[PDB]
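Data from run_23.txt: compact mmCIF, N, CA, C and O atoms
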# COMPACT_ATOMS: atom_id res chain seq x y z
N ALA G 1 -9.54 -12.84 3.45
CA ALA G 1 -9.53 -11.64 4.26
C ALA G 1 -8.48 -11.76 5.37
O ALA G 1 -7.86 -10.77 5.78
N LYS G 2 -8.31 -13.00 5.84
CA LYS G 2 -7.34 -13.27 6.90
C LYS G 2 -5.93 -12.98 6.40
O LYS G 2 -5.09 -12.43 7.13
N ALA G 3 -5.68 -13.37 5.14
CA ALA G 3 -4.38 -13.16 4.54
C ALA G 3 -4.10 -11.67 4.40
O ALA G 3 -2.97 -11.21 4.62
N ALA G 4 -5.15 -10.92 4.03
CA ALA G 4 -5.03 -9.49 3.87
C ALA G 4 -4.77 -8.82 5.22
O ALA G 4 -3.98 -7.87 5.33
N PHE G 5 -5.45 -9.35 6.25
CA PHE G 5 -5.30 -8.82 7.59
C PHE G 5 -3.85 -9.00 8.07
O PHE G 5 -3.28 -8.11 8.71
N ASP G 6 -3.28 -10.16 7.73
CA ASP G 6 -1.91 -10.46 8.10
C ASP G 6 -0.97 -9.37 7.58
O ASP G 6 -0.16 -8.81 8.34
N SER G 7 -1.10 -9.09 6.28
CA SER G 7 -0.28 -8.08 5.65
C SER G 7 -0.51 -6.72 6.32
O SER G 7 0.44 -5.95 6.55
N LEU G 8 -1.78 -6.45 6.62
CA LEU G 8 -2.15 -5.20 7.26
C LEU G 8 -1.37 -5.03 8.57
O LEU G 8 -0.56 -4.10 8.71
N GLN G 9 -1.64 -5.95 9.51
CA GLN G 9 -0.97 -5.91 10.80
C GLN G 9 0.53 -5.68 10.61
O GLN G 9 1.15 -4.91 11.34
N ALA G 10 1.08 -6.38 9.60
CA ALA G 10 2.50 -6.26 9.31
C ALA G 10 2.84 -4.82 8.93
O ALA G 10 3.84 -4.26 9.39
N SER G 11 1.97 -4.24 8.09
CA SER G 11 2.17 -2.87 7.65
C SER G 11 2.18 -1.93 8.86
O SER G 11 3.06 -1.06 8.98
N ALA G 12 1.20 -2.12 9.74
CA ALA G 12 1.09 -1.30 10.93
C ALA G 12 2.32 -1.50 11.82
O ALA G 12 2.82 -0.55 12.44
N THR G 13 2.79 -2.76 11.86
CA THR G 13 3.96 -3.09 12.66
C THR G 13 5.22 -3.00 11.80
O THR G 13 5.94 -1.99 11.83
N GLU G 14 5.47 -4.08 11.05
CA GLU G 14 6.63 -4.13 10.19
C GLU G 14 6.90 -2.76 9.57
O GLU G 14 5.98 -2.10 9.06
N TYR G 15 8.17 -2.34 9.64
CA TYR G 15 8.56 -1.05 9.10
C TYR G 15 8.25 -1.00 7.61
O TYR G 15 7.62 -0.05 7.12
N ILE G 16 8.72 -2.03 6.89
CA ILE G 16 8.51 -2.11 5.46
C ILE G 16 7.02 -2.33 5.17
O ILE G 16 6.47 -1.78 4.20
N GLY G 17 6.39 -3.14 6.03
CA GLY G 17 4.97 -3.43 5.87
C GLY G 17 4.16 -2.14 5.95
O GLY G 17 3.38 -1.82 5.05
N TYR G 18 4.36 -1.42 7.06
CA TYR G 18 3.65 -0.17 7.28
C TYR G 18 4.02 0.84 6.18
O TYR G 18 3.17 1.23 5.37
N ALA G 19 5.30 1.23 6.18
CA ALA G 19 5.79 2.18 5.20
C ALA G 19 5.38 1.73 3.80
O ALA G 19 4.85 2.52 3.00
N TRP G 20 5.65 0.45 3.51
CA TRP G 20 5.32 -0.11 2.21
C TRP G 20 3.83 0.05 1.94
O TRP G 20 3.42 0.43 0.83
N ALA G 21 3.02 -0.24 2.97
CA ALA G 21 1.58 -0.13 2.85
C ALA G 21 1.19 1.31 2.50
O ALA G 21 0.21 1.55 1.79
N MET G 22 1.99 2.25 3.03
CA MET G 22 1.75 3.66 2.78
C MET G 22 2.41 4.09 1.47
O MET G 22 1.73 4.48 0.51
N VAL G 23 3.74 4.00 1.45
CA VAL G 23 4.50 4.37 0.28
C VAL G 23 3.99 3.60 -0.94
O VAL G 23 3.73 4.19 -2.00
N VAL G 24 3.85 2.28 -0.76
CA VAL G 24 3.37 1.43 -1.83
C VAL G 24 1.90 1.73 -2.12
O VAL G 24 1.52 2.02 -3.27
N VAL G 25 1.08 1.66 -1.06
CA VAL G 25 -0.34 1.92 -1.19
C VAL G 25 -0.56 3.25 -1.91
O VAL G 25 -1.50 3.40 -2.70
N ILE G 26 0.33 4.21 -1.61
CA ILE G 26 0.24 5.53 -2.21
C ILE G 26 0.65 5.46 -3.68
O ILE G 26 0.01 6.05 -4.56
N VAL G 27 1.74 4.72 -3.93
CA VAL G 27 2.25 4.56 -5.27
C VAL G 27 1.26 3.77 -6.12
O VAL G 27 0.83 4.23 -7.19
N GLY G 28 0.91 2.58 -5.62
CA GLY G 28 -0.03 1.72 -6.32
C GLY G 28 -1.33 2.48 -6.60
O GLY G 28 -1.73 2.64 -7.77
N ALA G 29 -1.96 2.95 -5.52
CA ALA G 29 -3.20 3.69 -5.64
C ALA G 29 -2.96 4.99 -6.41
O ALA G 29 -3.59 5.25 -7.44
N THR G 30 -2.04 5.80 -5.87
CA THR G 30 -1.71 7.07 -6.49
C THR G 30 -1.23 6.84 -7.92
O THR G 30 -1.77 7.43 -8.87
N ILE G 31 -0.21 5.98 -8.05
CA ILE G 31 0.34 5.67 -9.36
C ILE G 31 -0.68 4.88 -10.18
O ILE G 31 -1.00 5.25 -11.32
N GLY G 32 -1.18 3.79 -9.58
CA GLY G 32 -2.16 2.95 -10.24
C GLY G 32 -3.39 3.78 -10.62
O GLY G 32 -3.66 4.01 -11.81
N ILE G 33 -4.11 4.22 -9.59
CA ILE G 33 -5.31 5.01 -9.80
C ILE G 33 -4.93 6.43 -10.23
O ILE G 33 -5.32 6.90 -11.31
N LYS G 34 -4.15 7.10 -9.37
CA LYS G 34 -3.71 8.45 -9.65
C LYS G 34 -2.78 8.45 -10.87
O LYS G 34 -2.78 9.40 -11.67
N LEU G 35 -1.99 7.38 -10.98
CA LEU G 35 -1.06 7.24 -12.08
C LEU G 35 -1.82 7.13 -13.40
O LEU G 35 -1.50 7.81 -14.39
N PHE G 36 -2.84 6.26 -13.40
CA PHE G 36 -3.65 6.05 -14.58
C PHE G 36 -4.39 7.34 -14.95
O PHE G 36 -4.69 7.59 -16.12
N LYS G 37 -4.67 8.14 -13.91
CA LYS G 37 -5.37 9.40 -14.11
C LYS G 37 -4.54 10.32 -15.00
O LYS G 37 -4.96 10.69 -16.11
N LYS G 38 -3.35 10.69 -14.50
CA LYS G 38 -2.46 11.56 -15.24
C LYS G 38 -1.89 10.82 -16.45
O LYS G 38 -1.95 11.32 -17.58
N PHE G 39 -1.34 9.62 -16.18
CA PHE G 39 -0.77 8.81 -17.24
C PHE G 39 -1.32 7.39 -17.16
O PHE G 39 -2.54 7.17 -17.08
What would you get if you wrote out this structure as structure tokens?
Amino acid sequence: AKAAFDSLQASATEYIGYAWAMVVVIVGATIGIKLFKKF
């Protein structure tokens, strides 16, 4: 959980971390979950 928290904080801070957490989180989740939904 600590490792996950590290990435989190980075996302909130780090530009790529945050954006990535969003853009990626959206892609992964959206694409992964949402992606698997449509395709």
Separation of atom O of residue 19 of chain G from atom N of residue 31 of chain G in Å: 12.6 Å
Contacts of segment 5-10 of chain G within 8 Å, only N, CA, C and O atoms, excl. fewer than 6 positions in-chain, as a ChimeraX atom specification: /G:16-21
Members of chain G assigned alpha helix (DSSP H) by DSSP, as a PyMOL selection string: chain G and resi 2-12+15-19+25-26+36-38
Point-to-point distance from atom N of residue 34 of chain G to atom CA of residue 2 of chain G, Å rounded to tenths: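 Computing the Euclidean distance for atom N of residue 34 of chain G and atom CA of residue 2 of chain G yields 26.3 Å.
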Straight-line distance linking atom C of residue 1 of chain G with atom CA of residue 33 of chain G, stated in Å to one decimal: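 Distance between the two atoms: 22.8 Å.
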